[PDB]
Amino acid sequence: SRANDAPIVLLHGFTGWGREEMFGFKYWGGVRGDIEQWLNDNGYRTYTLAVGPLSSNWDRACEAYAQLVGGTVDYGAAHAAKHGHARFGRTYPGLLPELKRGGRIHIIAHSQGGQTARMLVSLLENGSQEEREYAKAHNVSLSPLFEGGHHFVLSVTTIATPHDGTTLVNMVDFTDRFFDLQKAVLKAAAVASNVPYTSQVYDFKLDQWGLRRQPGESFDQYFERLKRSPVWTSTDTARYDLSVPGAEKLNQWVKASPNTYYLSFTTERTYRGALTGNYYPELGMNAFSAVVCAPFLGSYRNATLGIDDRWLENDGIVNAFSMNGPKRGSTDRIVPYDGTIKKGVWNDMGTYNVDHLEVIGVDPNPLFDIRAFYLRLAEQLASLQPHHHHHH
């Protein structure tokens, strides 16, 4: 059924790190193994992007663009001046120079990665008018990313993505709990949060903000500085983009490309309480989510905000209702999968009973055939037709 040869590129969310980080414990595979290696082993050429887990989708897309084709990250002169961080970031050799020669990729994105992938597609195709106009008005140079006209992306697949935000950000103790989540992923990787490791271990890639863990600093201490830093206090952050208002703002400009396939997977790991209408964690959900996040997600309503009952089912971290595609402030279409994947529309591939971390293998779930999950997805992506023609 193989109808294209595009390689697959994997993209994490508000947690995530390179293949060499976390002592080789993989974000994509966790305690289950190495998802990229499984795909490559099965004949599906697969790569992995690592970008700032806490950075805005904008920053991450700029980082992803430079990580793909090579070069020094360029966040755009207008954006950098706007938010007060460096215009230029780290330099990359480029994972896929074939992209500079018409090649295309499939992106498989988990969590906030889904937002980033969508945004990258948009900047690639449309560029940024704001940047272009700023470059002409200030006589500054312009990254090719902002010119538009790039078509690197044949498909985007999002898994557990908060396309409409997650109400988790609304928790009153969200900042302290969000970083506890980072601590919980570290723990999953068997990494302590109260130890000043001399090796990097987990690089948050805050080059633009000039933030990095210092010698003698544990992750606990590091996170306490991050909490008070601009990567947590600004609107140019994952924290803002993850929020319902922030995701809506994102949706208002980040539209689905008619040249690109979109697949969404929804995840859920909760049950409904008959008398309260709330949703509750099941048995099997990662311990941190079950205790600290799922109860809030499954009970938080806010009429002002648009959060009614539909939002309560969740995967421990993200409202399921947010996952099938952008809706809030979005002109994108979403169709249930009907056997045939269509261009320029969100193909809701269905809802899977796995939690936010289980779906990438970071939390165990031996009832979830994760190997089969990604293999079946790879097959589906490789079957996507470059072209279509009307028929009866």
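Numbers follow the displayed sequence, beginning with 1.
- For the segment pair 262-270 and 306-314, the entry gives 306-314 the higher mean B-factor, averaged over Cα atoms.
- Here the stretch with the larger average CA B-factor, out of 99-107 and 224-232, is 99-107.
- By the numbers in the PDB entry, the CA B factor is greatest at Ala190 among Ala160, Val121, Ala190, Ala290.
- Note on the listed residues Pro93, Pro196, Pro281, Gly246: the highest Cα temperature factor in the record is that of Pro196.
- Split the chain's modelled residues into thirds by C-alpha temperature factor. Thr48 is in the lowest one.
- Remark: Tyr337 belongs to the highest third of its chain, ranked by C-alpha B-factor as recorded.
- Ranked against the other modelled residues of its chain, the C-alpha B-factor of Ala372 as given in the entry falls in the middle third.
- The deposited CA B-factor of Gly113 belongs to the lowest third of values across its chain.
- Per the deposited record, the Cα B-factor of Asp241 falls in the lowest third when ranked against the other modelled residues of its chain.
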